[PDB]
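Listed next as structure tokens is one chain, alone, in the form deposited in one PDB entry.
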């Protein structure tokens, strides 16, 4: 009954209502609007909540699901790379999880710059990419890891661990088992990096806006939301946080499309069921 079809339908009903409420109006005061004439949103209908926006020129949001703090964003546009790197550096990013596949990135029609597997200079910022380990996630899904060293005059140099799911499907959802494996890897990688900063007495530890895992796929609403849901379920502080809570929180803090597909929600529901976590709020 708590995970039966009627509970699942009720969850869907509540979430659909929320999506409708959060649909952007023309020049919606709730959503970030482009300044300067440059394209801001990769997709016109996938907008960035203004009050939680990380930077004025990025489609990117601070999200807190229960106690779990992250940043969710779109795959940055070519024009946005300098700002994106500055975000990554200023956040002292403990892990960047990229859920867009190599196939997607390679499709030049999609405008997804290969910004983390190659080195480059973007305005004032110089970035060096290095290959690190590779970790299997199940079902032949592979996480390729990198470190990005971000250098800029006047700024401290920051190295960001990257977890790239190079063969993450976009046509089908990955299983709860793959999702769990990915959440554990991303969490573990963030933990190691955050520990390093703690050991150096970094001032970023005291700052709520910093040390956030950064997660993006192509749009930052499907695969991204599925991962963030799994990560929040991995957080021992989040007992009794329901699936309704986690999805509504993602939606209010980014846009109404978070967890876009029923296929993705099914994964979150299965993970919740495995923990005996509630789907709905009383």
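Numbering follows the first chain given and starts at 1.
A.B. asks: Quick one: say whether 90 to 98 or 113 to 121 has the higher mean Cα B-factor in the deposited entry.
C.D. replies: Between 113 to 121 and 90 to 98, it is 113 to 121 that shows the higher mean C-alpha B-factor.
A.B. asks: Regarding 171 to 179 and 71 to 79, which shows the higher C-alpha temperature factor on average in the entry?
C.D. replies: In the deposited entry, the stretch with the higher C-alpha B-factor mean is 171 to 179.
A.B. asks: Kindly indicate the residue among 234, 249, 242, 255 with the greatest C-alpha B-factor in the PDB record.
C.D. replies: Max CA B-factor in the entry, restricted to 234, 249, 242, 255: 234.
A.B. asks: Comparing recorded Cα B-factors across 104, 208, 187, 144, which one is largest?
C.D. replies: Of the options given, 208 has the highest CA B-factor in the PDB entry.
A.B. asks: Residue 272: which third of its chain by C-alpha temperature factor?
C.D. replies: Middle third of the chain for residue 272's C-alpha B-factor.
A.B. asks: Comparing against every modelled residue in the chain, figure out the third that the C-alpha B-factor of residue 164 lands in (lowest, middle or highest).
C.D. replies: Lowest third, going by the recorded CA B-factors of the chain.
A.B. asks: Consider only the C-alpha atoms of the modelled residues in this chain, order them by B-factor as the entry records it, and name the third containing residue 27: lowest, middle or highest.
C.D. replies: Answer is highest: the recorded C-alpha B-factor places it there.
A.B. asks: What third of its chain, lowest, middle or highest, does the C-alpha temperature factor of residue 215 fall into?
C.D. replies: Its C-alpha B-factor, which the entry lists for residue 215, ranks in the lowest third among residues of this chain.
A.B. asks: Once the chain's modelled residues are ordered by C-alpha B factor and cut into thirds, is residue 51 in the lowest, middle or highest one?
C.D. replies: Tercile = highest for this residue's CA B-factor.
Just so it is clear, the following notes concern the form deposited with a small molecule bound, a form of the same protein that is not shown.
A.B. asks: Would you kindly say which of 247, 233, 54, 217 lies with a heavy atom within 4.5 Å of the small molecule in the entry with it bound?
C.D. replies: By the 4.5 Å criterion, the partner-contacting residue is 217.
A.B. asks: In the entry with it bound, is there a heavy atom of the small molecule that lies within 4.5 Å of any heavy atom of residue 221, even though the partner is absent here?
C.D. replies: Residue 221: contacts the small molecule in the entry with it bound.
A.B. asks: How about residue 46 - does it come within 4.5 Å of the small molecule in the entry with it bound, if we only consider non-hydrogen atoms?
C.D. replies: Looking in the entry with it bound, residue contacts with the small molecule include residue 46, since a heavy atom lies within 4.5 Å.
A.B. asks: Can you tell me which of 59 to 67, 32 to 40, 221 to 229, 234 to 242 lies within 4.5 Å of the small molecule in the entry with it bound, counting heavy atoms only?
C.D. replies: After filtering at 4.5 Å, what remains is 221 to 229.
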